[PDB]
Protein chains: 4
Amino acid sequence: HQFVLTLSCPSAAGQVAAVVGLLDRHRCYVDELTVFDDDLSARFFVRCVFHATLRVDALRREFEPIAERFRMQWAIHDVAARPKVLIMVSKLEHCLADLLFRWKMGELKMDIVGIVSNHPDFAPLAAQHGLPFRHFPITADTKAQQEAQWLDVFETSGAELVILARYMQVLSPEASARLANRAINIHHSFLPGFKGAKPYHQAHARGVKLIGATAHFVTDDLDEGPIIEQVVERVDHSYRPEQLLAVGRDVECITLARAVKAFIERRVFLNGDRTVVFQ
Amino acid sequence: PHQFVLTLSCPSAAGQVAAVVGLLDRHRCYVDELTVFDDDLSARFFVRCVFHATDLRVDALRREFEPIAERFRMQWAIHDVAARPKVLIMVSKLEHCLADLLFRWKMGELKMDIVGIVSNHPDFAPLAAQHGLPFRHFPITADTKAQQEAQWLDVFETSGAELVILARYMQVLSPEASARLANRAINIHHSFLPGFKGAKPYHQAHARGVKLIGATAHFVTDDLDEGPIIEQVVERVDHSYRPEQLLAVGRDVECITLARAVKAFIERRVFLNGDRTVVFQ
Amino acid sequence: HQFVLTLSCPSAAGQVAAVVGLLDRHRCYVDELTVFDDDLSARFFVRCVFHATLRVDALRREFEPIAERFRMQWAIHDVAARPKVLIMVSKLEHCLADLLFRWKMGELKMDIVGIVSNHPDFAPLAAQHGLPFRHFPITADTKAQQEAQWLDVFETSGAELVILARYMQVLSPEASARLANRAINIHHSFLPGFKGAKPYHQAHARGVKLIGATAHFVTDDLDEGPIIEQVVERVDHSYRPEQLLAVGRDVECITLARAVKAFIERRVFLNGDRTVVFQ
Amino acid sequence: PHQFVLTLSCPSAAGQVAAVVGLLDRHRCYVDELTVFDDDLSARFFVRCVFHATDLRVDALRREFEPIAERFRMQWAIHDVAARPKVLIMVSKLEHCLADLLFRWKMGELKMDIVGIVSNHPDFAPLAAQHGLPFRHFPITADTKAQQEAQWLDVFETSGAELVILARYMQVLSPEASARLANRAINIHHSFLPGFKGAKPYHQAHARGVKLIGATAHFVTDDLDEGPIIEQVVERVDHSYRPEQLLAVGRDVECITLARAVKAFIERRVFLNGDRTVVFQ
């Protein structure tokens, strides 16, 4: 019966001794351990998976004063608990279908509390998987009201993460602030970047040899919130624009799944405007 | 078998390959490799064909190719595969690409004849000397940009080089110089996802927490670092890499990316296709 | 409206001229061309995707004397035709489920004429995809007869390919000969090779840093038939035997899918005991 | 910051990290890196910790580590990160791994001191000279296998090298030679999937139509080309690669694989774990 401790704090003497000292005090066998010290942000990170050899509740309570002393933000999760997630989607199926398959097959150990959309298109996909589907359409005069609707479902469902599986509506500053660091977005990426209409036609025109994607945390910042994962795939001159699009969508699937997996396995930490991701 | 390679590009139309293989069959040439690509968006057609004589009057073959090139409006060439293409390498104060190229050359991976190394600095004169290669230092001052280009462009012409490699040569070629070296000069630079402009891009990459570091090799044009892409390569990095460690990765990726591009050029596998390239494997 | 011509023959002068000359004679625009000449087996290979600008039927008819002249094995397939495939499975779901997903999502453009198994485990899965499922159990005294049962299904179904999605019964020499070069198998692979009991425990013990898989054509040879694809994934010392197993199964999925796609897109040719695979 | 790296392995038990960090805190050392791994199947525990002084009596730190090592039955070492490990490189007639290591060394990627290059052949004497490295040629005859090993084992001892790198050294080390170099010699060889035994393995790989070519770097034992694996790498190939082209790829992968193993060793990231290894990133 395992548990995973994660924590970050300002780097300071005695932090490791305090943490391992506690684990030892409560006779915890350490199944996994990973530590990282960022001398530039002056921040320390720990992920520890362990199990007892009554003891875990005592460890949790005694962790409080250590956390206060070092100003640590931390969490201890039951590894058997499946994090609750809400998946948002529009009219593009690929990321949603990919996540549901990885979930079906046991790769992503999470509880999908629901699938929410501005379109009705994937009601049957949600049904084929026994998952609740909520359709909240948007009109010109109801953008703030529609957001409140799905943000309400987010709160009442107990979800701790919102996965934007190619949800195509721009989130308001207030939505983004409210979901800051508890929502993961996915989009395509190019080297060099292409902005504006028909980016895959631009990428074809420029004859790029790589197509990519980036998964990041949603924040209420001027630019994209913190990067979690980036992946690229090699292409060549024989790829028409529609074939580049196909590669991009595939890379979005892998990229999103990696990000989501790292979040639900407690391997992703915020480090200012960037992330720490443990393998 | 003594091999030759025919490369050609021309406007899209029917019957080119038939005409080419017909001529080759008549000269009793065995086709070892044949790659064809039609780009229906740019309406351009590309062929690379490696062949050898089965029993070869190569001059008579070229002569008989003319009616074909004229009919189909082809740009073309037949090279002797044994010939080592002549190349001129430009460098400034950064050693890494120049050193990587010299290593691959010395070990026989890059089969080219380096007619000279040219630089705005004297730093790598000893490196050149150690490899038995001519080195020329042509310094630049605010006033002598045009004069200094004329100097190395002179070396380029008199040496017989058919390719100039900018191995992190950190001076911008004039529009005059780019035009004279059109389709005959390859540049390398670092590439980021997302892009970073201005000073200290590796520090920006670090602060942005990128998980990839890349590089792009391209043919040189007037549009600074943005000519036709030949090759792009990236390497995975993570949160533990400080700016100077990302810099080390970028320089490594520049090396591999440039070497790949130069190799495709000397193996006659890269063709211009407007603002992009066709690179056969 | 596209067609794909594939052919292999003993390498001889005039072979390209004959093929391109015929394509030009019938005003066929070439969408894709790939040729390869193997000077060691002295064998020539061509894959050509084209469309007419009545003409294709005449081309097919006139291809016969050229094929006879050069001793070519060849085929012209309608690209819109979905090759018919039969999938065999036992109690391991992973490859079958991966193929069904890729099929469902339109990546593998094939008609699955049926799923056949020695166990009943994946009947519900088959029903969920609207596919025919046949359970043919095996007992000590009926191994020859059970093979006949699914071989009959294979013949009557019109399938041109049998995909062994971790079908765990050894095929008889007669079955192997009958399915020669029309069936694809998948198995795990290691560097170095591990034979016998618990190969993932052996891989863990030896501390390998890579886990792989190989997809190959079934033949009636002593060793496995021609290799179509091999893939490896990196692992490390922290991977327990059960985690190595998980990576291996994942790689089997990717490897099989690549081989199957290459077969249904007419990109794989036999070249004696090896294969030519066009990208 | 002047860094040190502590490495240790010991039987699994509770309390080691606490004791280690406690000591480091007592000497006001800042922990820069800490990697821990317990292998519950071999019942071995491994730690690598990089640290530096903040306000360092290193010999008092070592002295105070003794009670900890004794109690927990640890094999351990504290190395100065600035120190360049001393290495001896063995080579025969194949240049590729030696040349690759020498380039990575010259360019600053492999921070080690090469105390010498030893060979059963004279071929690479000039390669050593050019890098200012001592070269020793120790030829072998039918009746002198034991005498010749004694010659280069003597160089190993007197040179103060802590690592022998077998850069395609093609003589089988004796059981005595292997024993003296236990945990201190790295070998490289090609690896295939499936495995090929005997003459002309690349021709065999070609005939089998393999789509990958690999290499394995390992510690040396009595067991020929078998020993604790440090690193494995593979490169994709296809039907168009002739046997000699497969060989060229295999040699390239041998270079990369060996270089990664050597770098892991000199960075103190590789631990023995019975018949396998632990390699921290």
# chains A, B, ... in the order shown; residues from 1 in each chain; ligands from 1

$ interface_residues --of "chain C" --to "chain B" --cutoff "7 Å" --atoms "only C-alpha atoms" --output "JSON, numbers by chain"
{"C": [13, 14, 16, 17, 20, 21, 24, 33, 34, 35, 36, 37]}

$ select_by_dssp --residues "region 91-171 of chain A" --states "strand (DSSP E or B)" --output "ChimeraX atom specification"
/A:111-117,133-135,161-164

$ closest_atom_pairs --of "chain A" --to "chain C" --cutoff "10 Å" --atoms "only C-alpha atoms" --output "Markdown table"
| residue | atom | partner | partner_atom | distance |
| --- | --- | --- | --- | --- |
| A:32 | CA | C:238 | CA | 8.9 |
| A:93 | CA | C:105 | CA | 9.0 |
| A:94 | CA | C:105 | CA | 8.1 |
| A:97 | CA | C:105 | CA | 8.4 |
| A:98 | CA | C:101 | CA | 8.8 |
| A:101 | CA | C:101 | CA | 7.7 |
| A:102 | CA | C:98 | CA | 9.9 |
| A:104 | CA | C:97 | CA | 9.9 |
| A:105 | CA | C:94 | CA | 8.0 |
| A:107 | CA | C:246 | CA | 9.6 |
| A:128 | CA | C:128 | CA | 8.4 |
| A:238 | CA | C:32 | CA | 9.0 |
| A:246 | CA | C:107 | CA | 9.8 |

$ residues_around --residues "residue 125 (chain C)" --least-positions-apart "2" --cutoff "10 Å" --atoms "only C-alpha atoms" --output "PyMOL selection string"
chain C and resi 93+96-97+100+115+121-123+127-131+133

$ closest_atom_pairs --of "chain D" --to "chain B" --cutoff "12 Å" --atoms "only C-alpha atoms" --output "tab-separated table"
residue	atom	partner	partner_atom	distance
D:32	CA	B:240	CA	11.0
D:33	CA	B:240	CA	10.1
D:94	CA	B:107	CA	11.8
D:95	CA	B:107	CA	9.1
D:96	CA	B:107	CA	8.1
D:97	CA	B:107	CA	11.3
D:98	CA	B:107	CA	11.7
D:99	CA	B:107	CA	8.5
D:100	CA	B:103	CA	8.9
D:101	CA	B:103	CA	11.8
D:102	CA	B:103	CA	10.6
D:103	CA	B:103	CA	7.8
D:104	CA	B:100	CA	10.1
D:106	CA	B:99	CA	10.2
D:107	CA	B:96	CA	8.2
D:108	CA	B:248	CA	10.7
D:109	CA	B:248	CA	9.5
D:127	CA	B:106	CA	11.9
D:130	CA	B:130	CA	9.0
D:131	CA	B:130	CA	11.2
D:238	CA	B:281	CA	11.6
D:240	CA	B:33	CA	10.0
D:241	CA	B:281	CA	12.0
D:245	CA	B:109	CA	11.6
D:248	CA	B:109	CA	9.5
D:249	CA	B:109	CA	11.2
D:251	CA	B:109	CA	12.0
D:252	CA	B:109	CA	10.5
D:281	CA	B:240	CA	10.6

$ atom_distance --atom1 "CA of residue 51 (chain B)" --atom2 "CA of residue 268 (chain B)"
13.4 Å

$ residues_around --residues "residue 243 (chain D)" --least-positions-apart "3" --cutoff "6 Å" --atoms "only C-alpha atoms" --output "mmCIF file with N, CA and C atoms, in the first residue's frame"
data_model
loop_
_atom_site.group_PDB
_atom_site.id
_atom_site.type_symbol
_atom_site.label_atom_id
_atom_site.label_comp_id
_atom_site.auth_asym_id
_atom_site.auth_seq_id
_atom_site.Cartn_x
_atom_site.Cartn_y
_atom_site.Cartn_z
ATOM 1 N N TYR D 202 28.320 -8.974 -39.899
ATOM 2 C CA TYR D 202 27.596 -7.941 -40.675
ATOM 3 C C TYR D 202 27.020 -8.510 -41.962
ATOM 4 N N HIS D 203 27.694 -9.511 -42.553
ATOM 5 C CA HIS D 203 27.138 -10.192 -43.742
ATOM 6 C C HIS D 203 25.935 -10.996 -43.324
ATOM 7 N N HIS D 206 23.182 -8.553 -42.714
ATOM 8 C CA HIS D 206 22.650 -8.205 -44.006
ATOM 9 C C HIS D 206 21.708 -9.289 -44.560
ATOM 10 N N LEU D 246 26.584 -1.587 -43.252
ATOM 11 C CA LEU D 246 26.158 -2.012 -41.909
ATOM 12 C C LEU D 246 27.339 -1.927 -40.941
#

$ residues_around --residues "residue 123 (chain D)" --least-positions-apart "5" --cutoff "12 Å" --atoms "only C-alpha atoms" --output "list in words"
residues 91, 92, 93, 94, 95, 98, 117, 118, 128, 129, 135, 136, 137, 138 and 139 of chain D

$ write_last_selection --atoms "N, CA, C and O atoms" --output "short mmCIF file (atom, residue, chain, number, x, y, z; two decimals), in the first residue's frame"
data_model
loop_
_atom_site.label_atom_id
_atom_site.label_comp_id
_atom_site.auth_asym_id
_atom_site.auth_seq_id
_atom_site.Cartn_x
_atom_site.Cartn_y
_atom_site.Cartn_z
N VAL D 91 44.34 -0.30 -27.79
CA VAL D 91 43.87 -0.32 -29.14
C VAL D 91 44.67 -1.36 -29.96
O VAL D 91 45.75 -1.75 -29.56
N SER D 92 44.11 -1.81 -31.07
CA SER D 92 44.78 -2.76 -31.95
C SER D 92 44.92 -2.09 -33.33
O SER D 92 45.56 -1.05 -33.42
N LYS D 93 44.32 -2.62 -34.40
CA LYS D 93 44.45 -2.02 -35.74
C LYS D 93 43.24 -1.17 -36.15
O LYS D 93 43.29 -0.49 -37.18
N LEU D 94 42.15 -1.23 -35.37
CA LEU D 94 40.92 -0.45 -35.69
C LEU D 94 40.95 0.89 -34.99
O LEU D 94 40.99 0.97 -33.76
N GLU D 95 40.92 1.96 -35.78
CA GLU D 95 41.10 3.32 -35.27
C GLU D 95 39.87 3.99 -34.67
O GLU D 95 40.01 4.90 -33.84
N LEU D 98 39.25 4.72 -30.72
CA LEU D 98 40.40 5.55 -30.24
C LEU D 98 40.31 6.98 -30.75
O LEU D 98 40.31 7.92 -29.98
N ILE D 117 48.57 5.33 -24.43
CA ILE D 117 47.91 4.49 -25.37
C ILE D 117 48.82 3.28 -25.57
O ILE D 117 50.01 3.43 -25.91
N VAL D 118 48.27 2.10 -25.34
CA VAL D 118 49.02 0.85 -25.48
C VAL D 118 48.41 0.00 -26.59
O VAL D 118 47.18 -0.11 -26.69
N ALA D 128 48.83 8.94 -31.43
CA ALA D 128 49.17 9.27 -30.06
C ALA D 128 50.10 10.50 -29.99
O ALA D 128 49.93 11.39 -29.13
N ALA D 129 51.12 10.51 -30.87
CA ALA D 129 52.13 11.57 -30.87
C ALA D 129 51.48 12.95 -31.07
O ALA D 129 51.71 13.88 -30.30
N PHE D 135 52.85 6.47 -26.26
CA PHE D 135 52.44 5.28 -26.98
C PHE D 135 53.38 4.15 -26.66
O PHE D 135 54.58 4.33 -26.64
N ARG D 136 52.83 2.99 -26.33
CA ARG D 136 53.63 1.81 -26.09
C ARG D 136 53.14 0.68 -27.00
O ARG D 136 51.95 0.31 -26.95
N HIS D 137 54.02 0.16 -27.83
CA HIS D 137 53.77 -0.97 -28.70
C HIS D 137 54.29 -2.25 -28.03
O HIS D 137 55.49 -2.37 -27.77
N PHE D 138 53.38 -3.17 -27.72
CA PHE D 138 53.76 -4.45 -27.10
C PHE D 138 53.27 -5.58 -27.99
O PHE D 138 52.15 -6.08 -27.81
N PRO D 139 54.07 -5.96 -28.99
CA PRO D 139 53.64 -7.01 -29.89
C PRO D 139 53.42 -8.38 -29.19
O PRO D 139 53.99 -8.63 -28.13
#

$ closest_residue --among "B:57, B:260, B:121, B:86" --to "residue 164 (chain B)" --atoms "only C-alpha atoms"
B:86

$ atom_distance --atom1 "CA of residue 212 (chain B)" --atom2 "CA of residue 230 (chain A)"
6.8 Å

$ atom_distance --atom1 "CA of residue 10 (chain D)" --atom2 "CA of residue 41 (chain D)"
13.5 Å

$ residues_around --residues "residue 89 (chain D)" --least-positions-apart "4" --cutoff "12 Å" --atoms "only C-alpha atoms" --output "PyMOL selection string"
chain D and resi 95+97-99+101-102+112-120+124+128+133-136+152-153+155-156+159+161-169+184-187+258+262

$ write_last_selection --atoms "C-alpha atoms" --output "mmCIF file, in the first residue's frame"
data_model
loop_
_atom_site.group_PDB
_atom_site.id
_atom_site.type_symbol
_atom_site.label_atom_id
_atom_site.label_comp_id
_atom_site.auth_asym_id
_atom_site.auth_seq_id
_atom_site.Cartn_x
_atom_site.Cartn_y
_atom_site.Cartn_z
ATOM 1 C CA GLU D 95 41.097 3.325 -35.267
ATOM 2 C CA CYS D 97 36.898 4.192 -31.102
ATOM 3 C CA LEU D 98 40.404 5.554 -30.240
ATOM 4 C CA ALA D 99 39.991 8.462 -32.642
ATOM 5 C CA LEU D 101 37.692 9.270 -27.712
ATOM 6 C CA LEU D 102 40.686 11.435 -28.557
ATOM 7 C CA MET D 112 40.072 12.751 -18.207
ATOM 8 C CA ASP D 113 43.870 12.481 -18.283
ATOM 9 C CA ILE D 114 45.066 9.880 -20.806
ATOM 10 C CA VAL D 115 48.234 8.491 -19.285
ATOM 11 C CA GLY D 116 48.948 6.403 -22.341
ATOM 12 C CA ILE D 117 47.909 4.490 -25.370
ATOM 13 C CA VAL D 118 49.021 0.847 -25.484
ATOM 14 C CA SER D 119 48.772 -1.455 -28.501
ATOM 15 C CA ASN D 120 49.668 -4.902 -29.780
ATOM 16 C CA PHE D 124 48.482 4.331 -34.120
ATOM 17 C CA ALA D 128 49.167 9.272 -30.058
ATOM 18 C CA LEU D 133 50.249 11.135 -25.539
ATOM 19 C CA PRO D 134 52.696 8.338 -24.733
ATOM 20 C CA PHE D 135 52.437 5.283 -26.977
ATOM 21 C CA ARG D 136 53.630 1.808 -26.087
ATOM 22 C CA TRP D 152 50.909 -3.551 -20.285
ATOM 23 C CA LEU D 153 49.600 -4.456 -16.802
ATOM 24 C CA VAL D 155 52.218 0.231 -17.415
ATOM 25 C CA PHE D 156 48.690 0.298 -15.964
ATOM 26 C CA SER D 159 50.900 5.089 -14.648
ATOM 27 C CA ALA D 161 45.475 4.847 -14.168
ATOM 28 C CA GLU D 162 42.204 3.940 -12.572
ATOM 29 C CA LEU D 163 40.498 2.859 -15.825
ATOM 30 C CA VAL D 164 41.553 0.785 -18.788
ATOM 31 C CA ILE D 165 39.488 1.513 -21.918
ATOM 32 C CA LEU D 166 39.538 -1.305 -24.493
ATOM 33 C CA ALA D 167 39.009 0.682 -27.686
ATOM 34 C CA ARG D 168 38.520 -2.361 -29.870
ATOM 35 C CA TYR D 169 41.603 -4.028 -28.390
ATOM 36 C CA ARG D 184 38.265 -0.890 -13.771
ATOM 37 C CA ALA D 185 38.159 -1.935 -17.486
ATOM 38 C CA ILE D 186 35.516 -1.062 -20.075
ATOM 39 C CA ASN D 187 35.056 -3.013 -23.309
ATOM 40 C CA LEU D 258 31.820 3.543 -25.582
ATOM 41 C CA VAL D 262 33.452 6.267 -20.375
#

$ residues_around --residues "residue 61 (chain C)" --least-positions-apart "4" --cutoff "12 Å" --atoms "only C-alpha atoms" --output "short mmCIF file (atom, residue, chain, number, x, y, z; two decimals) with N, CA, C and O atoms, in the first residue's frame"
data_model
loop_
_atom_site.label_atom_id
_atom_site.label_comp_id
_atom_site.auth_asym_id
_atom_site.auth_seq_id
_atom_site.Cartn_x
_atom_site.Cartn_y
_atom_site.Cartn_z
N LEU C 22 5.04 2.43 -70.14
CA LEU C 22 3.66 1.99 -70.10
C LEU C 22 2.80 3.00 -69.35
O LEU C 22 1.69 3.35 -69.78
N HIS C 26 -0.29 5.22 -71.15
CA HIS C 26 -1.66 5.31 -70.62
C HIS C 26 -1.96 6.61 -69.85
O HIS C 26 -2.94 6.70 -69.11
N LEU C 54 -11.35 3.79 -68.09
CA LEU C 54 -10.94 2.87 -69.15
C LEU C 54 -9.42 2.65 -69.25
O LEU C 54 -8.98 1.55 -69.58
N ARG C 55 -8.63 3.70 -68.98
CA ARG C 55 -7.18 3.63 -69.19
C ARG C 55 -6.46 2.61 -68.31
O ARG C 55 -5.58 1.91 -68.79
N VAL C 56 -6.84 2.52 -67.03
CA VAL C 56 -6.15 1.61 -66.09
C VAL C 56 -6.38 0.13 -66.45
O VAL C 56 -5.48 -0.69 -66.30
N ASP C 57 -7.58 -0.18 -66.94
CA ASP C 57 -7.88 -1.55 -67.37
C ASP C 57 -6.99 -1.96 -68.54
O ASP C 57 -6.53 -3.11 -68.60
N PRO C 65 2.45 -8.80 -71.03
CA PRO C 65 3.63 -9.20 -71.79
C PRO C 65 4.96 -8.70 -71.22
O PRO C 65 5.98 -9.39 -71.34
N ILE C 66 4.96 -7.50 -70.67
CA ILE C 66 6.14 -6.93 -70.01
C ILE C 66 6.48 -7.76 -68.79
O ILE C 66 7.64 -8.07 -68.58
N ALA C 67 5.48 -8.13 -67.99
CA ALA C 67 5.73 -8.97 -66.82
C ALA C 67 6.33 -10.32 -67.22
O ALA C 67 7.23 -10.81 -66.56
N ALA C 75 1.41 -6.52 -59.02
CA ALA C 75 0.03 -6.30 -58.71
C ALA C 75 -0.30 -4.84 -58.87
O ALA C 75 0.55 -3.97 -58.69
N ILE C 76 -1.54 -4.59 -59.25
CA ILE C 76 -2.08 -3.26 -59.26
C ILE C 76 -3.33 -3.31 -58.36
O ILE C 76 -4.24 -4.10 -58.60
#

$ select_by_dssp --residues "region 14-119 of chain D" --states "helix (DSSP H, G or I)" --output "PyMOL selection string"
chain D and resi 16-26+58-72+96-106
